[PDB]
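Chemist: Here's my sequence, what's the structure:
(2 chains)
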Amino acid sequence: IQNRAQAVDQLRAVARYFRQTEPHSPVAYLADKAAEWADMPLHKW
Amino acid sequence: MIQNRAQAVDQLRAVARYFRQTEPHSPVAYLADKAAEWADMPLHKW
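Modeler: Numbers count the residues shown, from 1 in each chain, chains lettered A, B, ... in the order given. Here you go, the structure:
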């Protein structure tokens, strides 16, 4: 991974994969929530 | 692309390392790390 944009693309791909294969799992939830937050960089946490 | 579950976990781990290194205090670093940990747990019929 060379930069943030590539890292976000890879994270989104992984979230999609776990949603498809393990849809109601805690792993699918956490991966998806990580992708969500990657698109909200200005949200204070 | 991702060909199987092992590869998905491996990619998740690489993403978690990238964010740990570049944005250690962000929600993305924290969540990607937890997701990666949880991906190593035994499977269940969720």
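
Chemist: Can you tell me how far residue A:18 is from residue B:36?
Modeler: Distance, residue A:18 to residue B:36, using CB to CB, to the nearest Å: 11 Å. Any C-beta I mention is one placed from the backbone N, CA and C, and that applies to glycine too.

Chemist: Let me fix that, I meant to ask about residue A:31.
Modeler: In terms of CB to CB, residue A:31 sits 9 Å off from residue B:36.

Chemist: quick one: is the helix or strand that residue A:33 is a member of near chain B?
Modeler: Using DSSP states H and E, residue A:33 maps to helix A:26-38. Yes: interface with chain B: helix A:26-38 contributes A:26-27, A:30-31, A:33-34, A:37-38 (CB under 8 Å from any CB of the partner chain).

Chemist: By neighbours, which of those residues wins?
Modeler: residue A:31 (31 neighbours; other CB atoms under 10 Å in any protein chain shown).

Chemist: Dump the strand or helix carrying residue A:7 to PDB, keeping only the CA atoms.
Modeler: Residue A:7 belongs to helix A:4-21 when assigned by DSSP H and E. Extracted in PDB, the C-alpha atoms of helix A:4-21 (Å, rounded to 0.1, in the frame of the first residue of the first chain):
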ATOM      1  CA  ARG A   4      -4.200   6.500   1.900                       C
ATOM      2  CA  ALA A   5      -6.500   6.200  -1.200                       C
ATOM      3  CA  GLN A   6      -5.100   2.800  -2.000                       C
ATOM      4  CA  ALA A   7      -5.500   1.800   1.700                       C
ATOM      5  CA  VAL A   8      -9.100   2.900   1.600                       C
ATOM      6  CA  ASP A   9      -9.800   0.900  -1.600                       C
ATOM      7  CA  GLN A  10      -8.300  -2.300   0.000                       C
ATOM      8  CA  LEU A  11     -10.300  -1.700   3.200                       C
ATOM      9  CA  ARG A  12     -13.500  -1.300   1.200                       C
ATOM     10  CA  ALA A  13     -12.800  -4.500  -0.800                       C
ATOM     11  CA  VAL A  14     -12.200  -6.400   2.500                       C
ATOM     12  CA  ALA A  15     -15.500  -5.100   4.000                       C
ATOM     13  CA  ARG A  16     -17.400  -6.000   0.900                       C
ATOM     14  CA  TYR A  17     -15.900  -9.600   1.000                       C
ATOM     15  CA  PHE A  18     -16.800 -10.200   4.600                       C
ATOM     16  CA  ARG A  19     -20.300  -8.700   4.100                       C
ATOM     17  CA  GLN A  20     -20.800 -11.200   1.200                       C
ATOM     18  CA  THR A  21     -19.400 -14.300   2.900                       C
END
